[PDB]
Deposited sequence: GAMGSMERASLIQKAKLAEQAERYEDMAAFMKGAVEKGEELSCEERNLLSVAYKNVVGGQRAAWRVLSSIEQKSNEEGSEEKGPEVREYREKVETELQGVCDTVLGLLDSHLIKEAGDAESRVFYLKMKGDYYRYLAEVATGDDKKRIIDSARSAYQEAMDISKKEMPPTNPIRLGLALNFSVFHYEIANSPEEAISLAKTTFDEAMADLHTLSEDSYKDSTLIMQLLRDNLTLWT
């Protein structure tokens, strides 16, 4: 996207979101990142929404095919699951490459740095979902390490009701439950996150209260499923 203006790439990313053209959206935001400037709060959201939708469709397809493959256990189901899996890993590697070159190293504010490290944890988590044994462990630790650094910063620098802090804790708890085989850690983190946000709600405006309580309900939904 080297010949397109940064502002035009951002404008077209917003258009693609409205048209539910998420592959286009991700390509526009990739081009915007590669212009080399830091991203605004809104721009970080556009980057995240685009790739979350792209990889979300790939993950859903991978699970359908993996289930068919398991039930069957010719080469076609395995071959096609491998194709989808390779395309998913390519998208994850692309996002991780953007974070590493050079979004994270240039992110100095708590809001931007925690946001990018949460992303890094998420896309290693998606790699971990399809990994089998070999570097499954190293991928899992890469996800853990990214989430952990984001957690440490968010606890130092953000209020307990901050939506990025809350969503980070939500996803790290899903990591514990689904990836790390640590359901007790998952439940403990979700509970402590919810209770500390509850106690800080009195400080919020009506609009911030709605933002925070929305994500708190997601934590509650998981606790209800897990206990």
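Going from the first residue of the deposited sequence to the last, where are the unmodelled runs?
Coordinates drop out over 1-2, 76-82.
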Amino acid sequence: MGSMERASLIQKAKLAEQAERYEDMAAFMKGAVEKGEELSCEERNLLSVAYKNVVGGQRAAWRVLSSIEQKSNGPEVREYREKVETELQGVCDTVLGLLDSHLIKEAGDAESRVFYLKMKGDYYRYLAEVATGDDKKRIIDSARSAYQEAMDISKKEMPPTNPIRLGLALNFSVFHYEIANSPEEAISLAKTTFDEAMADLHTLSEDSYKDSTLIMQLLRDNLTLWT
From here on, numbers count along this sequence of modelled residues.
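Whichever C-alpha set is largest while still superposing within 1.5 Å between the two forms counts as the rigid core.
Between 25-33 and 196-204, larger RMS Cα displacement in 9 other deposited structures of this protein after core fit:
Evaluated in 9 other deposited structures of this protein, the stretch farther from the shown form is 196-204.
Hey, after superposing on the core, which one moves around more in 9 other deposited structures of this protein, 209-217 or 8-16, CA-wise?
Higher average C-alpha offset in 9 other deposited structures of this protein goes to 209-217.
Mean CA temperature factor from the deposited coordinates, higher in 174-182 or in 32-40?
It is 174-182 that shows the higher mean C-alpha B-factor.
Tell me which stretch has the larger mean Cα B-factor in this entry, 208-216 or 20-28.
Result: 208-216.
In this PDB entry, which of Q148, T86, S112, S72 has the top CA B-factor?
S72 has the highest C-alpha B-factor of those listed.
Identify, among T161, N45, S188, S66, the residue whose C-alpha carries the highest B-factor in the deposited PDB entry.
Out of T161, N45, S188, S66, the record gives the largest C-alpha B-factor to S66.
Third of the chain's Cα B-factor distribution that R125 belongs to, per the entry:
It falls in the bottom third of the chain.
Consider only the C-alpha atoms of the modelled residues in this chain, order them by B-factor as the entry records it, and name the third containing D93: lowest, middle or highest.
According to the entry, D93 has a C-alpha B-factor in the chain's lowest third.
What third of the chain, by the recorded C-alpha B-factor, contains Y51?
Lowest third - that is where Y51 ends up once the chain's C-alpha B-factors are sorted.
Split the chain's modelled residues into thirds by Cα B-factor; is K118 in the lowest, middle or highest one?
Lowest third - that is where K118 ends up once the chain's C-alpha B-factors are sorted.
Ranked against its chain, the third holding the CA B-factor of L103
As the PDB entry reports it, the C-alpha B-factor of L103 lands in the lowest third of its chain.
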